[PDB]
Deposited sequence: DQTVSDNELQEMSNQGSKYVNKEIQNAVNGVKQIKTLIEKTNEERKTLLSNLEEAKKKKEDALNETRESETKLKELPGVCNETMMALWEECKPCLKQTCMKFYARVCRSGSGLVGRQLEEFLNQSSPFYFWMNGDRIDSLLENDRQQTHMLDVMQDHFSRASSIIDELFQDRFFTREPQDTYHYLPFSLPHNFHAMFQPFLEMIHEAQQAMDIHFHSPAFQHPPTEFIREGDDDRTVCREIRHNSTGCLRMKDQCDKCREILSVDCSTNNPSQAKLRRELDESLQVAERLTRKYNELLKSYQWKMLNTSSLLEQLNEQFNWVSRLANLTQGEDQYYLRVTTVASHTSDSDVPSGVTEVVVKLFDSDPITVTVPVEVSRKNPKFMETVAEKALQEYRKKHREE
């Protein structure tokens, strides 16, 4: 029973909130620019944290490495029971890792066990006694970290270069027009010739940024991952318990010096990995923000080419209805059918508190309808 004259006034009223979107849209672009530039500075101060943290880690590693070379100058095994535990440690390790890879991981259990037995035969129980596995598994982790930062940093600096060049345009500089509440908003006269350069630069930055199941990957990569399971086997934790204090007191002291430097180096390596993980998030954030910037610029452009025609309503209200009229409508809402930019009719649901005698009725309808329209492309 809604008068056509009212539907027309709703169309007049709703069409004027389309011009507020073009303004809001440009602000969304400029607000995203702020967040990207904010994250960029947070990345830089994080990089300065990594450069301080790298030195401390590196110094701790040279002291650890300086310690293991002095323990290889004295390479003999003190107890001769060690040599007999080695040939009962080795078979046990092979089985516990094979059993793991088959149960937890995948196929190739025997392949892993073979690669391990071969390496353990080219190995000695002294290497175990001096925690030689932990030294190697730390020095390699240190190199993986150095590589990860090298890659991430160079991906980031390229994208940051493309982005800073894009943000040197004055389209992104805040203007008073963005805050006008009574006077209308107007895009630049040459937006069609600014759209494509910008969008491509956002695409180029998105490209630049683009880079237990964990143990299974490692055991597949190198069978030495099995040596994380020394604890499970008895003879091996006994090789590690051997006191050489009576037999070779000089070896025992150097081993205690190494273990000290080892724990420090590991602490500072876990600290570096947490900063690296924080840097990774800044990288993902920036990729997430660039995707928004793309969707926002398209929305501005989409709005721009659709609103240049003033011959008919931007938003035309076709029907208003309630649970009285349709009765398929839910009870506490009214449904407004809308033809936005002469596209397929969009249906909007607004609660009766905003529907009945509310001046923010058509502001709600228009904002909702435009949100749906935006989703459609």
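- In sequence order, the gaps in C-alpha coverage of the deposited chain fall at 1 to 2, 214 to 233, 400 to 402.
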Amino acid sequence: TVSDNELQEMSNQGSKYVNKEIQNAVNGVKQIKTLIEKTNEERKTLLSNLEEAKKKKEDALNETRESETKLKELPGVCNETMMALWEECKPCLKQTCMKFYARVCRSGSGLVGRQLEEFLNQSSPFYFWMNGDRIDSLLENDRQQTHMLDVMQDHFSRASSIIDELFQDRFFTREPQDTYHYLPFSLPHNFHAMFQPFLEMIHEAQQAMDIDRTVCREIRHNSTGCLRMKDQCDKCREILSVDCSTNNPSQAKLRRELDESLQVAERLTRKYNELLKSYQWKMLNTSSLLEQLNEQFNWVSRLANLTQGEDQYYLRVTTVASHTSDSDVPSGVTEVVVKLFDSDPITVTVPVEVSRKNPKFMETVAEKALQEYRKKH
From here on, numbers count along this sequence of modelled residues.
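- Between the stretches 345 to 353 and 32 to 40, it is 345 to 353 that shows the larger average CA temperature factor.
- Mean C-alpha B-factor is higher over 88 to 96 than over the other stretch, the pair under comparison being 88 to 96 and 280 to 288.
- Between the residues 126, 272, 185, 299, the entry's highest C-alpha temperature factor is the one at 126.
- When the Cα B-factors of 118, 295, 204, 178 are read from the PDB record, 118 comes out highest.
- Remark: residue 27 belongs to the lowest third of its chain, ranked by C-alpha B-factor as recorded.
- The PDB entry assigns residue 377 a C-alpha temperature factor belonging to the highest third of its chain's modelled residues.
- Residue 323 sits in the highest third of its chain by CA B factor, as recorded in the PDB entry.
- Per-chain ranking of the deposited C-alpha B factor places residue 303 in the lowest third.
- Among all modelled residues in this chain, the alpha-carbon of residue 136 has a temperature factor (C-alpha) in the middle third.
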